[PDB]
Novice: 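Right, I'll just put the structure down here and ask away after.
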2 protein chains.
Amino acid sequence: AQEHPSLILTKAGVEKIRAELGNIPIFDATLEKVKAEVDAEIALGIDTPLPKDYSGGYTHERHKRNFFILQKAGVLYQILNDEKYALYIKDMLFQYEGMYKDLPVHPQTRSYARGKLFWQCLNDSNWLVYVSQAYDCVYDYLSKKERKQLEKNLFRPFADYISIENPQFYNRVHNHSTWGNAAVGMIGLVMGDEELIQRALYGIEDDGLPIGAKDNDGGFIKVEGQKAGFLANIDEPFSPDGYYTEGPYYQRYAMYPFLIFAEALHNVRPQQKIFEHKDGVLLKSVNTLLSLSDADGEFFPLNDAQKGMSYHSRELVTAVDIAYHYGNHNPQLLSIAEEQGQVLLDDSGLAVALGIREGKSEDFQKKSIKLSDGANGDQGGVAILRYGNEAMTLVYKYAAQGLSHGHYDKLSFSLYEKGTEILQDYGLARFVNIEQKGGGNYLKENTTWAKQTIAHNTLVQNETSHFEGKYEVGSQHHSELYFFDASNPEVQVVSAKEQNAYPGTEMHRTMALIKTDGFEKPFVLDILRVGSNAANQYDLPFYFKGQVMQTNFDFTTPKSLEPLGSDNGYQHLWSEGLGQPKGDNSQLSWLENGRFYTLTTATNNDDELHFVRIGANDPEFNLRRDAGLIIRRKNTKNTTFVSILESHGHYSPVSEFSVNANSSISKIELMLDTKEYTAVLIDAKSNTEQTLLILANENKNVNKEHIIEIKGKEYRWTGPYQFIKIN
Amino acid sequence: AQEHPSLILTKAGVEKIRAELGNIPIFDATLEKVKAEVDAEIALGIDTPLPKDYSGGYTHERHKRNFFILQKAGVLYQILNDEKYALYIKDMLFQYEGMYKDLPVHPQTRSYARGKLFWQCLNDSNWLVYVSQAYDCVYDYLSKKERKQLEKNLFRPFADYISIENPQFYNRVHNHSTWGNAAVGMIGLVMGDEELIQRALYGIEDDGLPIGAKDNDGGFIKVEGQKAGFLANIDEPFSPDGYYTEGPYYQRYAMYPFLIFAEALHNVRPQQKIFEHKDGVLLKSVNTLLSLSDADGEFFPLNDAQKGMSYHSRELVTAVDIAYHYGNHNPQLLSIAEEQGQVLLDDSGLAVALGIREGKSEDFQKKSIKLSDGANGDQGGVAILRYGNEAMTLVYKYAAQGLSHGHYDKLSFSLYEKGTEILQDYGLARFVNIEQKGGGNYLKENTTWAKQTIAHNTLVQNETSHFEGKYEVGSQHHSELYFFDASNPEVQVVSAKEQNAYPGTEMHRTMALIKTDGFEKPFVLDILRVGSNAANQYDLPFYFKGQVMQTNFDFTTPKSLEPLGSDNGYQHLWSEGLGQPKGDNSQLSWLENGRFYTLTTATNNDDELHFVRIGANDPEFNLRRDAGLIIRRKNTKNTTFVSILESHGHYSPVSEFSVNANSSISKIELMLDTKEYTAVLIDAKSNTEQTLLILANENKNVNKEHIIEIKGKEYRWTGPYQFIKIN
Ligand SMILES: [Ca+2]
Ligand SMILES: [Ca+2]
Ligand SMILES: [Ca+2]
Ligand SMILES: [Mg+2]
Ligand SMILES: [Mg+2]
Ligand SMILES: [Mg+2]
Ligand SMILES: [Mg+2]
């Protein structure tokens with residue numbers, strides 16, 4: 001009964017594509033490129049080496065390229081009606097059949113679930129997701145006899161290897177299991193095997209896995225009460241806003257198996273209603289992921305994340321095209337496709353190409369957005385505040401743990417200007433798929449530096465990470481949204497609280513992106529209110545990007561670089577300079593990508609200002625030599641940090657003109673600093689430009705009227721904040 | 001009798017321009033932009049503040065902007081026939097006339113020749129060069145009475161201030177004097193003042209200046225027996241190849257007054273034959289300067305040079321347009337104009353716009369080139385070796401001292417790939433015109449770091465700079481070309497010697513850019529042959545750009561960073577790691593801008609390999625935290641360093657594919673290491689690819705036959721080198 005192909009590329013799709021070839025430029029260009037890639041590999045032959053290497057090494061790269069080429073050859077066979085591509089697929093599949101059944105477990109031992117073709121079952125699963133698509137395309141070209149042998153001695157044993165033989169890999173809520181479930185489900189759908197389809201959807205019953213079983217990034221295999229299978233992987237790690245809890249770098253990775261297996265289920269098993277599952281979260285999550293990119297389309301490096309990953313990736317070409325075709329045909333997705341400059345060679349890519357040709361493209365709007373975390377949207381979140389035409393972007397992370405890849409980074413932020421990183425989230429310590437750096441795998445310093453709180457722009461207490469850097473503790477906690485109000489494009493405000501990172505301490509951080517008279521550009525206002533039951537040492541880092549220009553405080557320069565501390569990331573920071581404040585406001589300015597920036601922060605006489613540089617205890621040169629300024633406030637119980645980050649002026653080494661190189665801040669002052677209310681007065685240097693932000697800290701209700709006095713003058717407003725011009 | 005304007009913009013030119021407006025896009029676009037700029041400044045008014053500041057500060061930037069705006073207003077008045085612009089010029093000139101005569105010497109005391117409007121006479125001279133052009137454009141609009149007052153009480157006193165009152169600035173062979181001579185000459189030409197015209201052409205007679213006196217950059221004010229004036233500044237600091245001895249960054253700066261005053265002389269005094277002077281060197285020098293830029297048009301940072309200065313600068317818009325119009329109408333210059341995207345608003349810019357419109361543009365060929373230094377071309381030189389379509393670029397500097405801005409780095413080199421710096425020349429320590437960095441002026445670390453030999457990719461002996469870093473010694477010496485042969489695009493070789501940098505030591509450095517079977521790309525071969533009369537410590541730095549990927553040697557990582565040494569630049573290097581070689585070849589690889597690089601060097605077992613980081617003894621953060629690898633060879637008399645720099649493969653954080661990340665070098669071996677002959681065998685990993693470079697070291701004659709034995713085998717060739725495939 002079942003047609004082949006039908007999962008991704010459909011029979012009707014092949015006919016529609018063939019009818020339009022030559023009149024769909026983005027598709028035609030992709031077809032030419034892919035045909036040339038596959039033809040070159042056909043010329044080189046068929047290589048299925050005995051597996052040996054980690055990522056970047058020959059056997060890994062060869063088996064990886066093979067799965068990409070097989071899927072490409074499958075669609076070429078169908079679209080071009082050229083059996084040279086079917087013959088290549090047949091010959092490669094049979095060469096695999098000749099070796100796979102006799103392979104040992106992969107000789108590399110790092111993985112908690114060692115693969116056969118690859119060092120880990122994740123990559124064997126990648127292979128089967130792609131190869132299942134190729135098999136769907138050549139199914140009718142093969143004889144019944146050929147299909148029987150491939151299914152019996154290659155595909156069914158492979159599907160069992162990555163599932164029932166490795167339930168620790170397969171049966172989780174984790175990107176690994178999403179790939180595993182998709183691999184088993186895709187091949188099950190092609191073969192019409194109900195057992196495998198059910199195993200894909202609902203996982204393995206009674207897996208026998210014990211308590212506290214972990215993998216290699218610090219994460220539990222199983223979580224009490226959680227289901228397994230594809231549907232569990234949709235329900236648990238996505239919020240109702242389509243935010244994937246591992247963060248955008250890993251959301252990017254998981255989007256491929258999520259949307260490909262969803263597409264396959266939609267086409268073969270429409271009764272599953274997979275695109276309606278969890279209030280249509282998979283389709284929504286594509287928009288959400290695109291919103292988590294900077295002006296150049298590069299995903300914000302939250303949690304474990306390599307900088308440079310972007311919506312130009314193959315996963316986002318796939319996700320955009322599937323979301324366009326199977327969703328509500330959102331014309332904003334077509335502008336992303338135009339930027340990508342390629343489409344999938346299937347029904348969905350054709351739909352995108354036709355939408356573009358018909359003049360339907362609309363610009364993808366990059367907006368201020370509140371995203372919830374947790375399956376029910378009640379476990380913190382992530383906020384993005386954007387000014388104007390994506391002119392300045394603040395990312396505030398008040399999220400849940402994020403599973404294994406999560407960082408100890410409650411209430412951290414990062415700042416960008418038109419695709420230039422200004423205040424960074426470090427990302428991972430890993431050179432992804434570069435064999436020369438620890439086999440392309442996570443490095444020691446991912447744990448010892450990149451995950452630690454001191455590596456982030458957030459509060460560190462007593463040189464200890466949030467939750468003492470203990471995964472099992474952090475996994476039980478999330479920061480809490482206090483309020484989000486981005487309605488005023490000139491004054492956008494978000495506020496969140498964290499009281500479990502350091503038991504006995506309450507952190508309440510409010511961030512605002514504010515455009516006001518006296519300043520060339522919007523600035524960031526950062527209020528970090530700290531309450532505690534004991535005198536502590538508080539560190540507040542700012543990991544700036546660029547060349548130091550000026551300070552308004554003196555600092556000493558040591559004759560030798562010593563580490564800042566001994567543990568929890570401090571062992572990776574060199575102490576490059578130590579400043580003492582000259583007064584109530586301390587300022588650091590720098591130049592980055594032709595623009596000046598100034599950090600102004602409210603300082604006390606006994607504060608220390610630490611210039612630091614990353615790179616201590618880094619024997620393999622695994623860390624970047626980036627700099628930071630850390631405010632250290634010793635022997636302090638309750639305190640409120642108040643900072644402004646300005647962007648101003650410009651420099652060019654062509655014109656050699658320096659323009660507006662100084663700050664426009666005259667003064668920032670806490671006018672009220674209580675548990676119930678915080679008030680910050682901001683004075684610009686030009687003319688009578690004064691503004692006041694007042695925060696109500698213990699009642700978020702939008703209709704609650706507040707009455708306070710500052711210097712014998714009454715201020716009245718409704719809701720959790722007011723920003724007023726002081727005349 | 002004399003028409004006005006006539007120096008730069010001519011009356012015939014105004015008519016020709018007016019006739020073509022609307023049909024010359026590059027010109028029309030420039031006119032629109034400049035009109036908007038000037039109209040905005042007219043709206044803001046006329047501000048001539050009491051001078052106070054250094055560069056980047058208000059009074060400097062305001063008086064600087066004024067001279068640019070006055071020249072722009074002059075050409076707008078003429079082109080648009082709109083007295084709005086003439087009135088602005090008149091009013092600003094008279095506001096200047098009201099204040100200039102009563103000014104004190106500029107209150108800042110740094111300059112050896114303090115200005116009146118600016119901290120230095122150089123900038124007062126900039127002002128007069130530009131304002132003379134504006135005066136030429138409004139000369140007939142003003143009354144005789146107005147002109148008489150401006151000439152008597154503004155222009156003539158100004159011209160004397162920057163010349164006869166400051167002969168130490170005016171009467172040199174120096175970019176300062178080129179600007180000063182042009183300033184006096186330009187105003188002299190507008191006024192028809194023969195005395196000033198003669199003072200511009202031939203300098204001050206009997207200047208009385210001290211010989212051996214130094215400027216504030218460490219170089220001599222006046223050279224014994226040397227002429228002064230504009231013609232001397234053409235003859236002396238340019239070689240017969242059009243290479244300006246101060247280096248490309250300063251050549252760029254001087255190109256404006258050279259070509260502007262030459263144009264004025266050509267138009268007003270054609271009998272001078274200024275464009276024929278020194279065998280037409282000024283026109284040639286424009287091509288030479290363009291050839292001294294990387295693939296993005298950025299000038300190589302040789303000697304004092306800020307990175308990022310490029311042929312998009314105003315000086316190169318000017319130089320290109322004048323060279324096109326008054327030279328042989330070289331169509332290659334039109335492609336540079338198209339890249340610049342603007343032209344001068346005058347006869348020369350019209351000529352360029354019309355050439356572009358008529359389809360005459362041809363691409364500017366970026367070639368391998370040998371450039372001599374010294375007035376007669378016999379004081380060393382600079383060699384640029386380029387592979388393919390500007391695919392890899394090696395810059396080898398065997399030059400003379402370079403006057404005050406020259407660095408102590410005989411035989412240094414730098415390496416670029418398609419506009420990406422791979423091995424750097426540091427450039428200057430100065431943030432040009434940024435007030436926050438020492439008033440935008442040369443920093444202490446320009447002398448203590450940037451000029452020193454240890455900052456360069458060349459030999460350092462006993463932790464001492466070339467010539468002991470003494471100008472009075474270095475200025476008397478230059479390296480000597482041995483041979484240059486770039487005729488074979490696959491195998492380009494240059495060789496030079498230096499025996500005075502370290503008296504008693506002979507340095508003979510041969511560099512080659514070689515494409516051969518077994519390697520993806522051309523590589524650089526570096527042979528640094530050293531002969532001495534004593535056992536020395538030799539350091540050879542490689543200041544690489546990028547992220548360290550792998551080494552084939554172990555190295556220790558200290559718990560504290562200590563400076564590498566105490567003096568001569570070593571005080572600015574942190575010792576980050578110390579390796580000992582594992583064998584005869586040591587290797588370091590890195591990743592920069594998506595490409596891998598490997599340095600392989602021939603090591604002895606007692607060598608030290610030092611990982612260093614710039615930034616010690618840098619209390620103001622004036623230096624970049626760039627890294628290097630230094631080969632240290634102690635207690636050694638004669639030795640020959642042999643290194644290869646490979647470019648291979650690629651990485652993308654979008655695809656996450658690492659390709660060809662390992663070196664293709666199997667072995668490099670010194671097969672013969674004598675004073676008379678050097679032979680280096682290169683083995684690629686592909687076992688059948690072996691090559692041999694043989695150098696004859698004591699006879700450069702191209703027809704001299706050589707017969708030598710290596711491992712019992714005779715080799716015969718003619719000329720100073722042979723590169724042969726070993727079968
Ligand atoms: Ca992080
Ligand atoms: Ca280049
Ligand atoms: Ca230099
Ligand atoms: Mg998942
Ligand atoms: Mg951005
Ligand atoms: Mg001034
Ligand atoms: Mg000076």
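Both ligands and their constituent atoms are indexed starting at 1 by order of listing. We use all heavy atoms of the structure for the numbers below, so side chains are in, but hydrogens, waters and symmetry mates are not. In the text below, chain A, chain B and the rest are named by the order of the sequence lines, each starting its count at 1.
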Novice: Can you say whether the rings of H176(A) and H174(A) are parallel (under 30°), tilted (30 to 60°) or perpendicular (over 60°)?
Specialist: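 Because their plane-to-plane angle lies in the 30° to 60° range, the rings of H176(A) and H174(A) count as tilted.
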Novice: Near the Ca ion (ligand 3), which protein N/O/S atoms are found at less than 3.0 Å?
Specialist: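 Correct list: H407(B) ND1, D425(B) OD1, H456(B) NE2.
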Novice: Could you name each residue pair satisfying side chain to side chain donor-acceptor pair (under 3.5 Å) that touches residues 216-228 of chain A, not counting sequence neighbours?
Specialist: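 Only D207(A)-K222(A) qualify under side chain to side chain donor-acceptor pair (under 3.5 Å).
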Novice: Is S177(A) close enough that one of its N/O/S atoms sits under 2.8 Å from the Mg ion (ligand 4)?
Specialist: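 So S177(A) does not bind the Mg ion (ligand 4) by this criterion.
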Novice: For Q306(A), enumerate each residue passing the side-chain hydrogen bond (donor to acceptor under 3.5 Å, both in side chains) test, keeping only those at least two apart in sequence or located in another chain.
Specialist: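 Checked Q306(A) against side-chain hydrogen bond (donor to acceptor under 3.5 Å, both in side chains); matches are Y651(B).
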Novice: Looking at residues at least two apart in the chain, or sitting in another chain, which of them share a side-chain hydrogen bond (donor to acceptor under 3.5 Å, both in side chains) with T420(B)?
Specialist: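 Result, side-chain hydrogen bond (donor to acceptor under 3.5 Å, both in side chains) vs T420(B): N593(B).
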Novice: Is the backbone N or O of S177(A) less than 3.5 Å from a side-chain atom of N181(A), with the two atoms forming a donor-acceptor pair by type?
Specialist: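 Checking the backbone N and O of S177(A) against the side chain of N181(A), a donor-acceptor pair under 3.5 Å is found.
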Novice: For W179(A) and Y256(A), take the angle between the two ring planes, folded into 0 to 90°, and tell me which bin it lands in: parallel under 30, tilted 30 to 60, perpendicular over 60.
Specialist: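 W179(A) vs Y256(A) ring planes: parallel.
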